[PDB]
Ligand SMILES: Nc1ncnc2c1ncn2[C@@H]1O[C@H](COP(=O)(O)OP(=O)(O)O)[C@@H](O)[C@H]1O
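A single chain, nothing else alongside it, follows as structure tokens in the form deposited without this ligand.
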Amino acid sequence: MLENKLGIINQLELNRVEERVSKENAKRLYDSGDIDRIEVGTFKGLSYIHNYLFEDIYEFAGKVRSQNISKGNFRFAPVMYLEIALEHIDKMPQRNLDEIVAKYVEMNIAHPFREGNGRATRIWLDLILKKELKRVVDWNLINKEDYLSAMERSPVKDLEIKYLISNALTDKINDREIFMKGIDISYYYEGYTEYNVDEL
């Protein structure tokens, strides 16, 4: 079981409350205009997003994990060099899709937080795409199974994820609906489907 701020004992109740509360926050991040104020393409901006979503639930929100994490078929950056690997990602270029995908693949391997990495880094990605290409991802054009397979392959070859991203881009960078739908899809990629962000 994981430590939380709401004194929850059940993992299934914790999943439900985390989903509702962080989704409420994600909706606020957008409607408040705070999303537009965040620094783009940096760990400082990523940390801002992660804290915005998870701060009422977890003590660690926005903070770099102090311990090693293992899940999936590739290793995440070991804590022995995670800090300097984040300094390296901050220095990576973001001029074109090749560079944006390569930067994103590295941030996914870093997986700097205890949890919520996927959800926060997808918001973070869309902002880089918004600033540099004047595009966002229509996450509705990316299937869960395709996405998950493409992400697992990415440490070896970023082609599959670059293809899914390239083909889902839209110039509708200020469309609230693309955003809100993307939150619900991002959460679904991680198994959280109890709520709809626009009903919150």
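So that there is no doubt, residue numbering starts at 1 and follows the sequence shown. In this text, the rigid core denotes the largest set of C-alpha atoms whose superposition between the two forms falls within 1.5 Å.
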- Item | Higher-deviation segment by CA RMS in 4 other deposited structures of this protein, core fitted, 20 to 28 or 5 to 13 | 5 to 13
- Note on the structure: Core-aligned CA RMS in 4 other deposited structures of this protein: between 126 to 134 and 70 to 78 the higher one is 70 to 78
- Where do the C-alpha atoms have the higher mean temperature factor in this entry, in 66 to 74 or in 34 to 42? 66 to 74
- Query: Averaged over C-alpha atoms, is the B-factor higher for 46 to 54 or for 165 to 173 in this PDB entry?
  - Reply: 165 to 173
- Item | Highest recorded Cα temperature factor - choice among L127, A110, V79, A120 | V79
- Query: Going by what the PDB entry lists, where does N10 fall on CA B-factor within its chain: lowest, middle or highest third?
  - Reply: highest
- Item | Relative C-alpha B-factor of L29, binned into the chain's lowest, middle or highest third | lowest
- Message: By the recorded C-alpha temperature factor, relative to the other modelled residues in its chain, which third is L133 in?
- Response: highest
- Message: Considering every modelled residue of the chain and its Cα B-factor in the PDB entry, is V156 in the lowest, middle or highest third?
- Response: highest
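Omitted from view is the form deposited with this ligand bound, to which the following refers.
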- this ligand in the deposited complex: contacted by all of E39, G41 and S47, heavy atom 4.5 Å: no
- Query: Hey, in the deposited complex, is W124 touching this ligand, heavy atoms inside 4.5 Å?
  - Reply: no
- Query: So, in the deposited complex, is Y81 in contact with this ligand at a 4.5 angstroms heavy atom limit?
  - Reply: no
- Task: Answer with yes or no whether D146 is in contact with this ligand in the deposited complex, where contact means some heavy atom within 4.5 Å.
- Result: no
- Close approach of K71 to this ligand in the deposited complex, 4.5 Å, heavy atom: yes
- Looking at 127 to 135, 165 to 173, 29 to 37, 150 to 158, which lies within 4.5 angstroms of this ligand in the deposited complex, counting heavy atoms? 150 to 158
